[PDB]
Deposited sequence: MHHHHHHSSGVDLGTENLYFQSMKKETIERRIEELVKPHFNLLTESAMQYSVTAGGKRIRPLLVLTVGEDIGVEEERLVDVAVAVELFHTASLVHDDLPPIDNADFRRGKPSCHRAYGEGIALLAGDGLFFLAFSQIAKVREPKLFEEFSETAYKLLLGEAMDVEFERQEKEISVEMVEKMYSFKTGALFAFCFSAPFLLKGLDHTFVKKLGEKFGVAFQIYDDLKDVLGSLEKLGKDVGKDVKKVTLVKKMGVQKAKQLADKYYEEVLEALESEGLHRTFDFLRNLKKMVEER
């Protein structure tokens, strides 16, 4: 909870309005409406596990969360998911209108890139930008696959999960290893699998609360089995590598 307070403190500093714009207030609103902050917490725990300096780590963590927030702002818009609420509060476009919300999403994206640029590591810039574009393609696949569950293969759906959710989690693992100068080939693969499992668990959560998903394609049993398999692979790798904090974090996360 201390790491989370660090994240909340820094992210609110970055989205405090400076030019007296409604669009700035909308950016702040979407951040303050909150979230579990799983992605920036993962950046901090992985970084702490491998001895990365806190300051550059905080920059990366908040960048990832700003990017995630921005993606939700655009995804909620009426032409996409058309959500009136997020986390029990009006969605950004309900609070401010579609135009202001669209711009707030753009602003949050650009703030994210600005924070990554502060870290001053060329490979990180490149990796973040590649991740961003993958995430966008993933969202495009999700939108475009709608009403085609029969014509879309399970392989294409898993690819969409990998792009839409996996890529940003892979970056949460990759980025600290880049900051530390350690090879990130292994752990990036871990983040992608964790991300696919994460999205499936979200799917299953939605189903019990009573779009092409892996639950639709595979059925509930096979989808959960896949998610469990991936989750267990990730945990075992983390434990094996002595990534203690990350293991504990993700172990306690699976209960939730």
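Engineer: So, counting the deposited sequence from position 1, which segments are absent from the coordinates?
Structural biologist: Deposited residues absent from the model fall in 1 to 21, 232 to 244, 291 to 294.
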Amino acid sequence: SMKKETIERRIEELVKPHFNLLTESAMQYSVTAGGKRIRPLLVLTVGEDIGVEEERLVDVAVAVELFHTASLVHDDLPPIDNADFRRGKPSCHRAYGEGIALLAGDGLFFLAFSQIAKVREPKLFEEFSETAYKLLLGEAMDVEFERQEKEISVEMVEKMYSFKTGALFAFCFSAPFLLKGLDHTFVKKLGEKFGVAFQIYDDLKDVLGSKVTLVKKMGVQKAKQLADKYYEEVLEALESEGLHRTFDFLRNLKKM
From here on, numbers count along this sequence of modelled residues.
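Engineer: Which is higher in the entry, the mean Cα B factor of 145 to 153 or that of 76 to 84?
Structural biologist: It is 145 to 153 that shows the higher mean C-alpha B-factor.
Engineer: Would you determine, from the values in the PDB entry, which of 195 to 203 and 58 to 66 has the greater average C-alpha temperature factor?
Structural biologist: So the stretch with the higher mean C-alpha B-factor is 195 to 203.
Engineer: Going by the deposited entry, which of 31, 42, 52, 214 has the highest CA temperature factor?
Structural biologist: Reading the PDB entry, the winner on C-alpha B-factor is 52.
Engineer: Highest Cα B-factor in the PDB entry belongs to which of 95, 108, 182, 136?
Structural biologist: Spelled out: the listed residue with the top C-alpha B-factor is 182.
Engineer: Based on the entry's values, in what third of the chain does the Cα temperature factor of residue 120 lie: lowest, middle or highest?
Structural biologist: For residue 120, the deposited C-alpha B-factor lands in the highest third.
Engineer: For residue 25, return the chain-relative third of its C-alpha B-factor as stated in the PDB record: lowest, middle or highest.
Structural biologist: Lowest third.
Engineer: Of the three thirds of its chain by CA temperature factor, lowest, middle or highest, which one includes residue 13?
Structural biologist: It falls in the middle third of the chain.
Engineer: Using the B-factor values recorded in the entry, state whether the Cα atom of residue 104 falls in the lowest, middle or highest third among the modelled residues of its chain.
Structural biologist: According to the entry, residue 104 has a C-alpha B-factor in the chain's lowest third.
Engineer: Looking at the entry's B-factor column for C-alpha atoms only, identify whether residue 186 ranks in the lowest, middle or highest third of its chain.
Structural biologist: Within its chain, residue 186 is a highest-third residue by C-alpha B-factor, going by the deposited values.
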